[PDB]
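**Student:** Dropping the structure in here first, questions after.
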Amino acid sequence: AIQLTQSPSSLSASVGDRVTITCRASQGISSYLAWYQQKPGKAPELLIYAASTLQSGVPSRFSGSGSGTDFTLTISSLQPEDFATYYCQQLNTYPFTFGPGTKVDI
Amino acid sequence: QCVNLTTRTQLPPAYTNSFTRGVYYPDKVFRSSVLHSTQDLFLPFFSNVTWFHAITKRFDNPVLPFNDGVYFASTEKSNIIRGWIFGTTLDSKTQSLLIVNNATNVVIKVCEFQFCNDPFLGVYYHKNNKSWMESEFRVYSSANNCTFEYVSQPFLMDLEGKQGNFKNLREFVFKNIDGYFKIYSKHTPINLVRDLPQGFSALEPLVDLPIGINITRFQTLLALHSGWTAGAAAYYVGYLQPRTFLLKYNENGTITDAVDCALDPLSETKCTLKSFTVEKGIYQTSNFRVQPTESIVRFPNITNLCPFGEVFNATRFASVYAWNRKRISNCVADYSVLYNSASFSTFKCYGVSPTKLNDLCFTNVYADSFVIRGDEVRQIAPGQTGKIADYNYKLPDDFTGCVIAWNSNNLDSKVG
Amino acid sequence: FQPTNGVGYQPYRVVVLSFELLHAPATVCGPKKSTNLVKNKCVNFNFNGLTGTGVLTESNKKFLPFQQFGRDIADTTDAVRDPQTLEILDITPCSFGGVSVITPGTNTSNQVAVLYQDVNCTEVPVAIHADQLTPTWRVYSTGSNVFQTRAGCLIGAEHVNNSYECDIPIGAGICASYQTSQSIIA
Amino acid sequence: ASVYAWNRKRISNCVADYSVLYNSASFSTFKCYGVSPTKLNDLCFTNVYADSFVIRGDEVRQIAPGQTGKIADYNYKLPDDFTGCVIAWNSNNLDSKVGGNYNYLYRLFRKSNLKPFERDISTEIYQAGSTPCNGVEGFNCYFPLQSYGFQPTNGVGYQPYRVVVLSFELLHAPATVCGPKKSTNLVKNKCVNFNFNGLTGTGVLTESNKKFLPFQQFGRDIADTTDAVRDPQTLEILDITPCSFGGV
Amino acid sequence: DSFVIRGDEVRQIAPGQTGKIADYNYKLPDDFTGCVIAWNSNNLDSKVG
Amino acid sequence: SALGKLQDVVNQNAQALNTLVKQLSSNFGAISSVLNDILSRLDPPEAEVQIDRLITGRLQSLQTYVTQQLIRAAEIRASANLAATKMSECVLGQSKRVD
Amino acid sequence: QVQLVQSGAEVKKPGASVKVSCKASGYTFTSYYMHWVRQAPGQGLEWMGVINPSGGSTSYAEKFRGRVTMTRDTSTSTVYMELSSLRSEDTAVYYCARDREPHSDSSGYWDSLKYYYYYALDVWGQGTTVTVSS
Ligand SMILES: *[C@@H]1O[C@H](CO)[C@@H](O[C@@H]2O[C@H](CO)[C@@H](O)[C@H](O)[C@H]2NC(C)=O)[C@H](O)[C@H]1NC(C)=O
Ligand SMILES: *[C@@H]1O[C@H](CO)[C@@H](O[C@@H]2O[C@H](CO)[C@@H](O)[C@H](O)[C@H]2NC(C)=O)[C@H](O)[C@H]1NC(C)=O
Ligand SMILES: *[C@@H]1O[C@H](CO)[C@@H](O)[C@H](O)[C@H]1NC(C)=O
Ligand SMILES: *[C@@H]1O[C@H](CO)[C@@H](O)[C@H](O)[C@H]1NC(C)=O
Ligand SMILES: *[C@@H]1O[C@H](CO)[C@@H](O)[C@H](O)[C@H]1NC(C)=O
Ligand SMILES: *[C@@H]1O[C@H](CO)[C@@H](O)[C@H](O)[C@H]1NC(C)=O
Ligand SMILES: *[C@@H]1O[C@H](CO)[C@@H](O)[C@H](O)[C@H]1NC(C)=O
Ligand SMILES: *[C@@H]1O[C@H](CO)[C@@H](O)[C@H](O)[C@H]1NC(C)=O
Ligand SMILES: *[C@@H]1O[C@H](CO)[C@@H](O)[C@H](O)[C@H]1NC(C)=O
Ligand SMILES: *[C@@H]1O[C@H](CO)[C@@H](O)[C@H](O)[C@H]1NC(C)=O
Ligand SMILES: *[C@@H]1O[C@H](CO)[C@@H](O)[C@H](O)[C@H]1NC(C)=O
Ligand SMILES: *[C@@H]1O[C@H](CO)[C@@H](O)[C@H](O)[C@H]1NC(C)=O
C-alpha cells in the first residue's frame with residue numbers, strides 16, 4: 001500500500017502569520033493529491049484538489065504545491081477560523097489512504 | 001484455459017455502407033476557419049463494412065486481415081465490446097498486441113500470448129441479488145516474454161444489462177505508420193436499434209504507441225451475459241486505403257466536413273480547386289481517380305551466381321599501381337550472400353542508393369581491385385587527392401557505382 | 001604492412017564497382033523474383049530495373065541490336081523491351097489526361113456531368129480504366145445518355161433535338177445548361 | 001540491450017543538460033539528423049525515446065537513414081524522414097570480456113527487410129533451401145540468431161560500440177523535455193526576440209482570446225505565419241504578429 | 001592553427017560541430033574557407049606513463 | 001439579375017488572393033513550411049539551403065500571382081479603354097456605329 | 001444548495017448486521033461515485049468503499065473486502081451500506097461523500113487514456129454515529 005506522513009505532528013502558530021505544513025509520500029503519486037480541512041465537531045471539507053488548483057468557493061489565501069513524493073500547503077493571513085485539522089490524500093492506486101493529521105492551536 | 005462454445009448458429013454476414021465515418025485529425029497543430037488537404041490512410045466514403053451482430057444464439061468473432069488500417073465502430077448498450085487483439089500468427093510465434101477493458105482497468109499489453117479461437121469475457125448475473133459482477137476472462141492461454149505493458153486509471157462501469165435499443169456509438173481507428181500504432185476515437189450517444197447513423201465524425205487522437213511490430217491479423221473480443229446467452233450487440237469493421245481528403249475546419253477548431261477526392265467528379269473539382277463551393281463553368285480536374293493495387297516484375301531470365309567469391313576472396317589480390325579489372329556478365333548479384341561472412345568498413349555508394357540496389361539490373365559492371373593503407377581509404381572517392389588518387393588510381397568526377405572496402409590486416413599482412 | 005601497426009598502417013582491400021544504369025541490354029541483375037505480366041491495365045512495373053506506374057500496350061517499332069531502351073521525347077520512356085518474352089511494347093501514363101467536368105453551382109444541384117475529350121465512346125471504359133475504379137465513377141463511365149462530340153464522348157447529360165442559347169461550352173459546338181423531371185441538359 | 005530486441009525508454013518532465021554528458025564520456029560519432037548540434041540547447045523537445053543496442057565497429061555506419069546491411073534490414077531500420085541524433089561511443093572495456101561475450105545476438109537471416117522502427121523477436125527456424133525444416137535443425141536449416149564474438153584483443157571493427165538513438169518531434173504538441181537555457185521575463189506589446197518553447201523569431205506579441213484543444217499547443221491560422229502560441233509560464237493564450245505593420 | 005586533440009574529437013574541428021573542443025577550446029566559423037589537416041601522432045606526442 | 005460580369009472581377013481577385021495564401025502554405029520541398037522552425041534547429045551553413053528553397057518558392061509564387069494579376073489588369077485596361085470610347089461619342093455625342 | 005441526510009444513531013450487539021442509509025438531494029443520483037468514509041473517535045479518516053450508483057458496481061477496500069455489502073435503491077433514491085461481523089474497533093462515525101469527477105451513462109472509460117481522472121470528495125454529509133458494545 002501507499003502511506004503518507006505529515007510533518008510535524010504538533011503545530012503551534014498565531015493569528016495573521018504565514019505558516020507552512022508538508023507531507024511526504026512513499027512512491028510516485030504525480031499530481032494526485034487532495035488537501036482536506038476538517039473543523040472539530042464538523043464534517044471535513046475539500047480545500048485543494050490536484051495539489052496546485054484552488055477549489056471553487058474557497059478564498060485564495062490558501063495555497064498548495066509540491067511534486068513527486070513531497071507535498072506542501074502554505075497558509076497566508078491566517079484567520080482565526082482556520083484552526084482546523086489538515087489531511088493530505090493520495091489517489092494513485094486502490095486503496096485511497098488519508099494522512100494522520102496536523103493540529104494547530106492559538 | 002479456453003473451451004469451444006456450443007449452440008453456435010451459422011448465418012451469412014451483411015454488408016452496409018458507412019455514411020462519412022472513419023476520418024480523424026492528421027496533425028496536432030491548431031488551426032481554424034481553413035481548408036486543409038491531406039494524404040493518409042483513410043476509409044473511403046460509402047464503402048462495405050461488415051455488419052456483425054448478436055441476438056438465435058448469434059455469436060461471431062472471426063479473424064480478419066489487418067490490411068494497413070482498420071476502422072471499427074460499435075453500437076453499445078450494456079458494455080459488450082471490451083477490446084481487440086492484433087498480431088501476425090496469434091500463436092505465440094510472433095509479437096502480439098492486446099487491448100482489453102477488464103472489470104476495473106484498461107490493459108494494453110504487447111507480448112507473445114497464445115490465443116484460442118473464441119476469446120470471451122463472461123459476466124454472471126445472480127437471482128438473489130440484482131448486482132452484475134464480472135466473473136470470467138479468457139483471451140490468452142498463458143504468458144511469455146513480454147515487451148510492453150500499460151495499465152490505465154482504475155474505475156467502474158455500468159455492468160447491468162439494459163434492454164431496448166442501443167444508446168451509444170463508439171468509433172475507433174487503428175493504423176501503424178513508421179513503427180507507431182496510432183489510435184483515434186470519439187463516442188456519441190445515439191438512439192437506434194439496428195442502423196449505422198448518418199452523421200459526421202471527428203475522431204480525436206488518443207494514443208501514439210511506439211510498438212513497431214509486424215501486423216496482419218485482427219480479432220474483436222466480446223462480452224456475454226454449458227448454457228449461455230449472447231445478449232444484444234452490433235459492431236462494424238472496415239479497412240483503410242491510401243486516399244486524399246480535404247478537411248474543413250470550423251471557428252472552434254473542430255472539423256466540419258471532409259470532401260473525398262476520388263469519389264465523385266464534383267468531389268474531384270472540390271479537391272482540385274481546394275474549396276467546398278464551386279461555381280458554374282468548366283473545371284479541368286487533376287487525376288486522383290485510380291490507385292494501382294498490383295505490382296509486376298520482369299527481369300532477364302538467367303539465374304547463375306556471379307563470381308563474387310573470386311573477387312572478394314581472391315587469395316592473390318592486385319596491387320594499386322597495376323590494378324585488375326574483371327568483367328562480370330550473365331549472372332545474378334545476390335548481395336545477401338556477401339555480408340554473411342564478410343564485414344565491410346566503408347560501403348560508400350555514388351549515384352545509386354544502397355536501398356534501391358537490389359531491384360536494379362546492371363549492364364556494364366567491372367570490379368576494380370587494389371590494396372591501400374588505412375589512411376588512404378578516403379582517397380578512393382570522386383574529388384579527393386593524395387598520392388593514391390593522383391599517381392595510382394583516379395576515379396572520375398561523374399562516377400556511378402559503389403566503393404566496397406574492408407580490413408585485411410590478417411590476410412594481406414604478415415610478420416617481417 | 002605489419003600486424004603490429006595501427007589502423008593507418010594496415011591493409012584495406014578495396015573493390016570499386018563501375019556501373020551504367022538503364023542504358024544498353026543488361027546481363028547482371030539483382031535477387032528480386034520475376035512475376036507475371038499484366039498488360040492493358042494500370043500496374044506498377046519493374047521492367048529491367050525501370051520502376052514506374054502506367055498502362056502498357058503493344059508497339060510495332062523495331063529496335064537496333066545494341067538498343068534496349070527508347071524515348072521518343074526525353075523525360076518519358078516511350079517503349080521498353082520485355083526481358084522475358086522479348087516482345088516490343090510501349091509505356092504510356094496510367095490514363096489519358098483529357099478529363100473535364102461541367103457543373104452548375106453547388107446550391108443549384110449536386111448532379112454532375114463529366115466530359116471525356118479526345119476519346120471514342122466505345123473505348124470510354126478502356127481509356128479511364130473504370131473496371132478498377134470506384135462504383136460511383138462507374139455510373140458516369142457508362143450510362144444511357146451517350147453523346148459523341150468532336151471534342152470527345154460526353155457521359156452524364158442527354159442530347160436534345162431542339163436548340164437553346166449557350167452559356168457554358170463543351171468544346172465542339174455543343175453547350176450545356178440547367179433545364180427541365182429536371183436534370184443537366186446538353 | 002541487444003540489437004534484435006532493443007529497448008525504448010520514454011523520457012519526460014525534466015531538463016536535458018547536454019553539458020553533463022561529455023564531462024566523463026567521450027562520444028565517437030555524434031551524428032544528428034534534422035537538428036543541428038549548435039541549436040540543440042535552445043530547443044525544447046516534446047516526444048523523445050532512447051533506443052539502445054550494441055553493434056560492432058564496422059556496423060556503426062549502418063545506423064543511419066538510407067544505409068543497408070544486416071543491421072539495417074534485419075535488426076534495426078531507421079526511417080527515411082528521421083529527426084534526431086545518433087550518439088555512439090566505444091565500449092570495448094565494458095561490453096567485452098576475455099573468452100568472448102556471447103550475450104549479444106543479432107538476426108543473421110530473415111525472410112524480408114524490416115519496416116522502419118519495427119522490432120522482431122521471433123526465433124522461428126529459417127529455411128535456406130526448398131526443403132521444409134519442420135521446426136527441427138537440419139541441412140539448410142540454421143538458427144536465425146547468431147552470437148557476437150566480442151574480445152578485448154580484436155581490432156576496431158570487432159569491438160562493441162554502444163549506440164543510443166534519440167527520436168524527437170520538434171515544435172508540435174506540448175513539450176515536456178527542454179534544454180538548459182534559462183528563462184527570462186516577458187516584454188509584451190513591444191518588439192523583442194522571443195524563444196517561446198524553442199520557437200525563435202522577432203515580432204510583437206499581444207493577447208488573443210481563442211481557445212485551444214487540450215492536445216494542441218501551437219497554432220498557425222495560415223501556414224508560414226506561426227500566429228498562435230501559448231506562454232509556458234502563465235498558460236496565457238496569445239498571438240504572434242510581425243514587428244510592425246507593413247503599410248508605410 | 002596548431003593543437004593536439006584526442007581521437008574522438010577530430011570530428012569536432014569542423015564548422016557546425018559541438019562538444020568540449022568546439023565550445024570551450026576552439027570554435028571554427030560558420031563561413032569557413034580552408035582545409036583541415038589531421039594525422040595520428042601516437043608515437044611522437046604520447047609516451048609511457 | 002445580369003450582374004455576373006461585375007461579380008467575376010471580385011470573385012477572381014478573391015481566387016487569386018486565397019490561392020496565393022494557399023501557395024504560401026506549402027513547404028516547397030524544405031523540411032518545414034515555416035521559417036521559424038528551420039531557423040531554430042539548423043546552423044546557418046545548413047540553414048541557408050532551406051532558406052534559399054523557401055524564399056525561391058515564395059518568390060516564384062509571387063511571380064505567378066503578379067503575372068496573373070498584371071496581365072489581367074492589362075485586359076481590364078483594354079475593357080476600360082473600350083468603356084472610355086463609349087464615354088467619348090455616346091455620352092459626349094452620337095454614335096453612327098451599328099451594334 | 002444540496003442537502004444530504006443520513007440515518008439516525010443505532011446501537012446493537014456486535015454480532016449482527018447494521019443498516020446505514022444516505023440520501024443525496026439536489027444532485028443526479030447516477031452521475032458521481034458515492035464514496036464512503038469511516039472516522040474513529042480520536043483518529044483520522046479512512047476510505048472504505050466507492051459506489052458507481054448507475055452501474056450498481058462497487059469497489060471495497062482491500063482490508064474490508066468480503067465483509068461489507070454496499071447497495072443502492074434508485075427507486076427511493078438512497079445509498080445503503082451493511083456491515084457484517086462488527087467488532088469493538090468499528091465503533092465510529094460514518095460519512096458518505098460524493099466524488100468530484102462526473103460521468104455519463106456510457107463507458108467513455110475508453111477516454112481514461114485521453115483525460116486523467118482526479119477524484120475529489122467535495123460534498124460531505126453530517127455523518128452518523130454507530131456505537132456497538134457487549
Ligand atoms: C483487472 O485489471 C487490473 C489491472 O490490470 C488488475 O489489477 C491488478 O491485479 C494484480 C493481481 O491482483 C496486481 O498485482 C496489480 O497490482 C493490479 N493492478 C493495479 C493497477 O492495481 C485486476 O486484477 C484485474 N481483474 C479484476 C477482476 O479486477
Ligand atoms: C510480416 O508478416 C507476414 C506474414 O504474415 C510476412 O509476409 C509473408 O512472408 C512469408 C514468408 O516469406 C511469405 O510466404 C508470405 O507469402 C508473405 N505474405 C503474407 C501472407 O503476408 C511478412 O514478410 C512480414 N513483414 C515484415 C516486414 O516483417
Ligand atoms: C476448439 O475448436 C478448434 C477447432 O476445431 C480446436 O482447434 C481447439 O482445440 C478447440 N478447443 C479446445 C479447448 O479443444
Ligand atoms: C459492396 O458494395 C456494393 C455497393 O454498395 C455492393 O453492390 C456489393 O455487393 C458489396 N460487396 C459485397 C461483397 O457485398
Ligand atoms: C449474489 O449472490 C451470489 C449467490 O450467493 C453470491 O455469490 C454473490 O456474492 C452475491 N453478490 C452480492 C453483491 O451480494
Ligand atoms: C524471450 O525474450 C527474451 C528477451 O531477452 C529472449 O532472451 C528469449 O530468448 C525469448 N524467448 C524465450 C523462449 O524466453
Ligand atoms: C464555438 O465557441 C463559441 C464560444 O464559446 C460558442 O458560443 C459556440 O457554440 C461554439 N460552436 C459550437 C459549434 O459549439
Ligand atoms: C523463363 O524461365 C522460366 C522458368 O520457370 C521458363 O519456364 C520460361 O520458359 C523461360 N522463358 C524463356 C523465354 O526462356
Ligand atoms: C571467403 O572465404 C572465407 C574463408 O575461406 C569463407 O568462409 C567465406 O564464405 C568466403 N566468402 C564467400 C562469399 O564465399
Ligand atoms: C444558394 O442557394 C440558397 C438557396 O437555394 C440561397 O439561400 C443562397 O443564397 C445561394 N447562394 C448564394 C451565394 O446566393
Ligand atoms: C468508335 O469505335 C467504333 C468501333 O470500335 C468505330 O467503328 C468508330 O469508327 C469509332 N469512332 C471514331 C470516331 O473513330
Ligand atoms: C431526335 O433526333 C433523332 C435523330 O434521328 C431521332 O431519331 C429522334 O426520333 C428525335 N426525337 C424526337 C422526339 O423527335
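Each chain in the C-alpha cells gets a letter, A, B and so on, in the order shown; residues start at 1 in every chain, and ligands are counted from 1 in the order they appear.
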Run DSSP on the backbone and grab whatever in segment 60-110 of chain G lands in helix (DSSP H, G or I); send it over as a list in words.
**Tutor:**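 Assigned to helix (DSSP H, G or I), within segment 60-110 of chain G: residues 88, 89, 90, 108, 109 and 110 of chain G.
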**Student:** For residue 13 of chain E, please output as an MDAnalysis selection string all residues within 12 Å (counting only C-alpha atoms; exclusion window: fewer than 2 positions along the same chain).
**Tutor:** chainID E and resid 1:11 15:23 25:30 32 35:38
**Student:** Would you mind exporting N, CA, C and O atoms of the selected residues as a CSV table (one decimal), in the first residue's frame?
**Tutor:**
```csv
chain,number,residue,atom,x,y,z
E,1,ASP,N,46.7,27.2,-37.8
E,1,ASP,CA,46.4,26.8,-36.4
E,1,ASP,C,47.1,25.5,-36.0
E,1,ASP,O,47.5,24.7,-36.9
E,2,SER,N,47.2,25.2,-34.7
E,2,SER,CA,48.0,24.1,-34.3
E,2,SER,C,47.6,23.7,-32.9
E,2,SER,O,47.7,24.4,-31.9
E,3,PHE,N,47.0,22.4,-32.8
E,3,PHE,CA,46.7,21.9,-31.5
E,3,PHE,C,46.6,20.4,-31.5
E,3,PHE,O,46.6,19.8,-32.6
E,4,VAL,N,46.7,19.8,-30.3
E,4,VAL,CA,46.6,18.4,-30.1
E,4,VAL,C,45.3,18.0,-29.5
E,4,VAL,O,45.0,18.5,-28.4
E,5,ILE,N,44.5,17.1,-30.1
E,5,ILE,CA,43.3,16.6,-29.5
E,5,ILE,C,43.3,15.1,-29.6
E,5,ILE,O,44.1,14.5,-30.3
E,6,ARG,N,42.4,14.5,-28.9
E,6,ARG,CA,42.3,13.0,-28.9
E,6,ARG,C,41.5,12.5,-30.1
E,6,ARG,O,41.1,13.3,-30.9
E,7,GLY,N,41.5,11.2,-30.3
E,7,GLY,CA,40.9,10.6,-31.5
E,7,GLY,C,39.5,10.9,-31.7
E,7,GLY,O,39.0,11.1,-32.8
E,8,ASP,N,38.7,10.9,-30.6
E,8,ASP,CA,37.2,11.0,-30.8
E,8,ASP,C,36.8,12.5,-31.1
E,8,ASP,O,35.7,12.7,-31.5
E,9,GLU,N,37.7,13.4,-30.8
E,9,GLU,CA,37.3,14.8,-31.0
E,9,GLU,C,37.8,15.4,-32.3
E,9,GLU,O,37.8,16.7,-32.5
E,10,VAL,N,38.3,14.6,-33.2
E,10,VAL,CA,38.8,15.1,-34.5
E,10,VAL,C,37.6,15.6,-35.3
E,10,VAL,O,37.7,16.5,-36.1
E,11,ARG,N,36.4,15.0,-35.1
E,11,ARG,CA,35.2,15.5,-35.8
E,11,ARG,C,34.7,16.8,-35.3
E,11,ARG,O,34.0,17.5,-36.0
E,15,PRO,N,33.1,23.2,-39.1
E,15,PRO,CA,32.0,24.2,-38.9
E,15,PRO,C,30.7,23.6,-38.6
E,15,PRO,O,30.2,22.8,-39.4
E,16,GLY,N,30.1,23.9,-37.4
E,16,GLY,CA,28.8,23.4,-37.0
E,16,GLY,C,28.8,22.3,-36.0
E,16,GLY,O,27.7,21.9,-35.5
E,17,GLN,N,30.0,21.7,-35.7
E,17,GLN,CA,30.0,20.7,-34.7
E,17,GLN,C,30.2,21.3,-33.3
E,17,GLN,O,30.7,22.4,-33.1
E,18,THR,N,29.8,20.5,-32.3
E,18,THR,CA,29.8,21.0,-30.9
E,18,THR,C,30.5,19.9,-30.0
E,18,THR,O,30.9,18.9,-30.5
E,19,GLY,N,30.7,20.3,-28.8
E,19,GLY,CA,31.5,19.5,-27.8
E,19,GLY,C,32.3,20.3,-26.9
E,19,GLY,O,32.0,21.5,-26.8
E,20,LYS,N,33.2,19.7,-26.2
E,20,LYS,CA,34.1,20.4,-25.3
E,20,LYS,C,35.3,20.9,-26.0
E,20,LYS,O,36.2,21.6,-25.4
E,21,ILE,N,35.5,20.6,-27.3
E,21,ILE,CA,36.6,21.1,-28.1
E,21,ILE,C,36.1,22.1,-29.1
E,21,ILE,O,36.9,22.8,-29.8
E,22,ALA,N,34.8,22.3,-29.2
E,22,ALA,CA,34.2,23.3,-30.2
E,22,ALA,C,33.3,24.3,-29.5
E,22,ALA,O,32.7,25.1,-30.2
E,23,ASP,N,33.3,24.3,-28.2
E,23,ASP,CA,32.5,25.4,-27.5
E,23,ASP,C,33.4,26.1,-26.4
E,23,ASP,O,33.2,27.2,-26.1
E,25,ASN,N,37.1,25.4,-26.2
E,25,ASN,CA,38.5,25.4,-26.6
E,25,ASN,C,38.8,26.1,-27.9
E,25,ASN,O,39.6,27.0,-28.0
E,26,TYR,N,38.1,25.7,-29.0
E,26,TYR,CA,38.5,26.2,-30.3
E,26,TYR,C,37.3,26.1,-31.2
E,26,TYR,O,36.9,25.0,-31.6
E,27,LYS,N,36.7,27.2,-31.6
E,27,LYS,CA,35.5,27.2,-32.4
E,27,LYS,C,35.8,27.7,-33.8
E,27,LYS,O,36.4,28.8,-33.9
E,28,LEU,N,35.4,27.0,-34.8
E,28,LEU,CA,35.5,27.4,-36.3
E,28,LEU,C,34.3,28.1,-36.7
E,28,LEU,O,33.2,27.8,-36.3
E,29,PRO,N,34.5,29.2,-37.6
E,29,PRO,CA,33.4,30.0,-38.0
E,29,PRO,C,32.5,29.2,-39.0
E,29,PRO,O,32.9,28.2,-39.6
E,30,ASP,N,31.3,29.7,-39.1
E,30,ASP,CA,30.3,29.1,-40.0
E,30,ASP,C,30.6,29.2,-41.4
E,30,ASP,O,30.5,28.3,-42.2
E,32,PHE,N,33.5,29.2,-43.0
E,32,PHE,CA,34.9,28.9,-43.1
E,32,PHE,C,35.3,28.6,-44.5
E,32,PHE,O,34.6,28.1,-45.3
E,35,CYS,N,41.3,24.4,-45.2
E,35,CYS,CA,41.4,22.9,-45.2
E,35,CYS,C,41.9,22.5,-43.8
E,35,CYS,O,42.8,23.1,-43.2
E,36,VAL,N,41.2,21.4,-43.3
E,36,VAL,CA,41.6,20.8,-42.0
E,36,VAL,C,42.5,19.6,-42.3
E,36,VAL,O,42.0,18.7,-42.9
E,37,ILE,N,43.7,19.6,-41.7
E,37,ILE,CA,44.6,18.5,-41.9
E,37,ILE,C,44.9,17.9,-40.6
E,37,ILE,O,45.4,18.6,-39.7
E,38,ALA,N,44.6,16.6,-40.4
E,38,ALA,CA,44.8,15.9,-39.2
E,38,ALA,C,45.5,14.6,-39.5
E,38,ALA,O,45.2,14.0,-40.5
```
**Student:** Residues near segment 290-296 of chain B, anyone? I mean within 6 Å using only C-alpha atoms, not counting same-chain ones fewer than 6 positions away, as a count of residues only.
**Tutor:** 5
**Student:** Please provide as a count of residues only all residues within 12 Å of residue 171 of chain D, with the sequence filter that same-chain residues fewer than 5 positions apart are discarded (counting only C-alpha atoms).
**Tutor:** 33
**Student:** As a count of residues only, please: every protein or nucleic acid residue near ligand 11 (cut-off 10 Å, counting only C-alpha atoms and all ligand atoms).
**Tutor:** 12
**Student:** Show me, as CSV, the residues of chain C having an atom within 6 Å of chain B, each with the closest atom pair and its distance in Å, using only C-alpha atoms.
**Tutor:**
```
residue,atom,partner,partner_atom,distance
C:1,CA,B:413,CA,5.5
C:2,CA,B:413,CA,5.6
C:7,CA,B:374,CA,5.9
C:8,CA,B:374,CA,4.3
C:9,CA,B:373,CA,5.5
C:10,CA,B:373,CA,5.5
C:11,CA,B:373,CA,4.7
C:12,CA,B:407,CA,4.7
C:13,CA,B:371,CA,4.9
C:14,CA,B:405,CA,4.3
C:15,CA,B:369,CA,4.9
C:16,CA,B:403,CA,4.6
C:17,CA,B:367,CA,4.9
C:18,CA,B:401,CA,4.8
C:19,CA,B:365,CA,5.1
C:20,CA,B:364,CA,5.8
C:21,CA,B:362,CA,5.9
C:26,CA,B:363,CA,3.8
C:27,CA,B:330,CA,4.8
C:28,CA,B:362,CA,5.1
C:29,CA,B:361,CA,4.0
C:30,CA,B:358,CA,4.9
C:31,CA,B:334,CA,5.5
C:32,CA,B:359,CA,5.9
C:34,CA,B:297,CA,4.9
C:35,CA,B:297,CA,5.2
C:37,CA,B:296,CA,5.9
C:43,CA,B:292,CA,5.7
C:44,CA,B:295,CA,4.7
C:45,CA,B:296,CA,5.0
C:46,CA,B:297,CA,4.7
C:47,CA,B:298,CA,5.2
C:48,CA,B:299,CA,5.2
C:49,CA,B:360,CA,4.3
C:83,CA,B:300,CA,4.8
C:84,CA,B:300,CA,5.8
C:100,CA,B:284,CA,4.6
C:101,CA,B:283,CA,5.5
C:102,CA,B:282,CA,4.8
C:103,CA,B:280,CA,5.5
C:104,CA,B:280,CA,4.1
C:105,CA,B:279,CA,4.4
C:168,CA,B:281,CA,5.7
```
**Student:** Could the residues that lie within 8 Å of ligand 3, counting only C-alpha atoms and all ligand atoms, be listed as a VMD selection string?
**Tutor:** chain B and resid 1 to 5 116 to 118
**Student:** Please check which protein, DNA or RNA residues sit within 10 Å of ligand 6, counting only C-alpha atoms and all ligand atoms, and write them as a PyMOL selection string.
**Tutor:** (chain B and resi 92-93+111-112+144-147) or (chain D and resi 1-2+4-6+103-105+121-123+145)
**Student:** Keeping N, CA and C atoms, export the residues of the selection given above as a short mmCIF file (atom, residue, chain, number, x, y, z; two decimals), in the first residue's frame.
**Tutor:**
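Everything below was put into part_13.cif:
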```
data_model
loop_
_atom_site.label_atom_id
_atom_site.label_comp_id
_atom_site.auth_asym_id
_atom_site.auth_seq_id
_atom_site.Cartn_x
_atom_site.Cartn_y
_atom_site.Cartn_z
N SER B 92 1.77 -17.31 -30.33
CA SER B 92 3.00 -17.02 -29.57
C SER B 92 4.28 -17.18 -30.39
N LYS B 93 4.18 -17.31 -31.72
CA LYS B 93 5.39 -17.35 -32.54
C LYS B 93 5.86 -15.95 -32.91
N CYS B 111 2.97 -8.51 -26.08
CA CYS B 111 3.63 -9.70 -25.56
C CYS B 111 3.39 -10.84 -26.54
N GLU B 112 4.01 -11.98 -26.26
CA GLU B 112 3.84 -13.17 -27.09
C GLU B 112 2.82 -14.11 -26.45
N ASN B 144 4.26 -15.14 -21.75
CA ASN B 144 5.61 -15.38 -22.25
C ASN B 144 6.43 -14.12 -22.03
N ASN B 145 7.55 -14.00 -22.76
CA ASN B 145 8.45 -12.86 -22.62
C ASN B 145 7.81 -11.57 -23.12
N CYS B 146 7.39 -10.72 -22.19
CA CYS B 146 6.59 -9.54 -22.50
C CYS B 146 7.48 -8.35 -22.80
N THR B 147 7.04 -7.51 -23.73
CA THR B 147 7.78 -6.34 -24.17
C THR B 147 7.19 -5.02 -23.68
N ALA D 1 20.91 -3.17 -23.77
CA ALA D 1 20.06 -4.03 -24.60
C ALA D 1 20.78 -4.53 -25.85
N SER D 2 20.33 -5.69 -26.33
CA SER D 2 20.83 -6.27 -27.57
C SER D 2 20.23 -5.56 -28.78
N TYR D 4 18.67 -7.21 -31.55
CA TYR D 4 17.47 -7.79 -32.15
C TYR D 4 16.22 -7.33 -31.41
N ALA D 5 16.31 -7.17 -30.09
CA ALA D 5 15.22 -6.68 -29.25
C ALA D 5 15.78 -5.51 -28.45
N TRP D 6 15.76 -4.33 -29.06
CA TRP D 6 16.26 -3.11 -28.45
C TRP D 6 15.21 -2.49 -27.53
N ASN D 103 26.48 -12.85 -24.94
CA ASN D 103 25.12 -12.47 -24.57
C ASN D 103 24.42 -11.73 -25.71
N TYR D 104 25.17 -10.94 -26.47
CA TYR D 104 24.58 -10.17 -27.55
C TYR D 104 24.30 -11.05 -28.77
N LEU D 105 23.16 -10.80 -29.42
CA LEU D 105 22.71 -11.59 -30.55
C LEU D 105 22.24 -10.65 -31.65
N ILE D 121 11.30 -10.23 -32.65
CA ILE D 121 11.80 -11.01 -31.52
C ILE D 121 11.60 -12.50 -31.73
N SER D 122 10.92 -12.90 -32.81
CA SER D 122 10.63 -14.30 -33.06
C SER D 122 11.91 -15.09 -33.36
N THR D 123 11.93 -16.34 -32.87
CA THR D 123 13.08 -17.22 -33.01
C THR D 123 12.75 -18.45 -33.86
N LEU D 145 19.35 -16.39 -35.01
CA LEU D 145 20.07 -15.55 -34.07
C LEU D 145 21.49 -16.07 -33.92
#
```
**Student:** Can you tell me which residues come within 8 Å of ligand 9 when counting only C-alpha atoms and all ligand atoms, ideally as a VMD selection string?
**Tutor:** chain B and resid 308 to 309 312 to 313 337 to 342
**Student:** Throw together the list of residues within 10 Å of ligand 2, counting only C-alpha atoms and all ligand atoms, and drop it here as a list in words.
**Tutor:** residues 65, 67, 87, 88, 89, 94, 213, 214, 215, 216 and 217 of chain B; 73, 74, 110, 111, 112, 113, 114, 115, 116, 118, 119, 120, 126 and 127 of chain D
**Student:** What gap, in Å, lies between atom CA of residue 191 of chain D and atom CA of residue 206 of chain D?
**Tutor:**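 Separation of atom CA of residue 191 of chain D and atom CA of residue 206 of chain D: 10.7 Å.
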**Student:** Which residues sit within 9 Å of ligand 10, counting only C-alpha atoms and all ligand atoms, listed as number ranges by chain?
**Tutor:** C: 105-108
**Student:** So that I can check the surroundings of residue 17 of chain G, please list as a PyMOL selection string every protein, DNA and RNA residue that reaches within 8 Å of it, counting only C-alpha atoms and ignoring chain neighbours fewer than 3 positions away.
**Tutor:** chain G and resi 82-86
